[PDB]
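To start, the structure under review is shown below, and the notes come after it.
Every chain is numbered from 1 and lettered A, B, ... according to where its sequence line falls, protein lines coming before strand lines.
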Amino acid sequence: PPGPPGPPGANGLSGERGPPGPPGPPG
Amino acid sequence: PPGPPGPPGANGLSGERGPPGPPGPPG
Amino acid sequence: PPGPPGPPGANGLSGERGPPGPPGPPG
């Protein structure tokens, strides 16, 4: 019969770090 | 003689959400 | 009998980008 399924793939990488936060408030 | 190759393995799951961005620029 | 293992699965896609960072410090 057909052989075993191949190995599962690995889980994906974590996403990219988010954008910078908003500018802080005036002094 | 041996049978046919098995099917392709399962694809991996999508990765997790990326980390928060850095603090914003100063005021 | 069963044939060779099938091809490896593809790895998962990368996760979504993280959220924007927090507001910056005061001036």
Top of [options] for chain B proximity - count of heavy-atom pairs under 4.5 angstrom:
options                    : value
C/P8, C/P22, C/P1          : C/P22
C/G21, C/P23, C/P5         : C/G21
C/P20, C/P26, C/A10, C/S14 : C/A10

- Query: Which heavy atom in C/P19 sits nearest to a heavy atom in B/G18, and how many Å separate them?
  - Reply: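 That would be CD-O, 3.9 Å.
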- C/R17 to B/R17 - nearest heavy-atom pair and separation: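 Heavy atoms only, the tightest pair is O-CG, 4.2 Å.
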- For C/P25, is it the side chain, the backbone, both, or neither that has a heavy atom closer than 4.5 Å to a heavy atom of chain B?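 Looking at C/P25, backbone and side chain both touch chain B.
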- Task: Please look at B/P7 and chain C and tell me whether the side chain, the backbone, both or neither of the residue comes under 4.5 angstrom of a heavy atom of that chain.
- Result: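 Looking at B/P7, just its backbone touches chain C.
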